[PDB]
């Protein structure tokens, strides 16, 4: 019969023996210490780089904003910085992974666009797509973030479109399944993340839906953000579910209104 074994039950209760405010502050202190100088004195070289501000171990969207034209011109420089500094890149990748997994909804949308715009730029210049660089390497993080936030909404929305469920889209990972902006974002990110996870040497352009001799003309920078905000707004015109309208609305307008009832902690 399936059950929690006796010894494990003791392990779980024994948590109380080592739980205390003091112990918590000491444990936090050790993690805080790690975050003080994570690059350990081997940051990205920033000499003569236009990306120096974001290469340092020192984020405001508007402050770090670039036009597409600027990304085309200076993109290769950042690409070369990533490729030429493996230790810093692994550091950066680890940190970026955590950032993307805790970003709010608007921030997550921007990270999705940062990812695809970065791929668009590489394809524009006929550069290989490098799974090991910090941006492509953390595709799964923004995918996971967006899936967690949008899953309830997409359960209804994707049904209205007559499309596969979110889980199905992300497991099938077929270009042929893309029929709207939601399926585009999740299928492409899922395809990209899957290639990264398998540890391929480089990522085929077809992964991004780009054929031989073509470029990523069907994606414009900002489309993830603009597109997903729009359907969160417009789906209510075709849907009679109040629960759905609340869900869509609260994603777009996140200030807390209701839903927490108590905090109970007997241990510290």
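Numbering follows the first chain given and starts at 1.
Chemist: Is there a break between residue 42 and residue 43, and how many deposited residues does it span: none, 1 to 3, 4 to 9, or 10 or more?
Modeler: Gap size class: none, per the record.
Chemist: Select between 21-29 and 241-249 the stretch whose C-alpha atoms have the higher average B-factor in the entry.
Modeler: Between 241-249 and 21-29, it is 21-29 that shows the higher mean C-alpha B-factor.
Chemist: Taking only the CA atoms, which stretch has the higher mean B-factor in the record, 194-202 or 144-152?
Modeler: Stretch with the higher mean C-alpha B-factor: 194-202.
Chemist: Against its chain's modelled residues, does residue 162's Cα B factor rank lowest, middle or highest third?
Modeler: Tercile = highest for this residue's CA B-factor.
Chemist: Compared with the other modelled residues in the chain, in which third is the CA B-factor of residue 84?
Modeler: Residue 84: CA B-factor falls in the highest third of its chain.
Chemist: Name the third of the chain's ranked CA B-factors that contains residue 74, choosing lowest, middle or highest.
Modeler: Ranked within chain, residue 74 CA B lands in the highest tercile.
Chemist: Split into thirds by Cα B-factor across the chain's modelled residues, where does residue 222 land: lowest, middle or highest?
Modeler: Middle third - that is where residue 222 ends up once the chain's C-alpha B-factors are sorted.
Chemist: Sort the modelled residues of this chain by their C-alpha B factor and say whether residue 34 lands in the lowest, middle or highest third.
Modeler: Residue 34: CA B-factor falls in the highest third of its chain.
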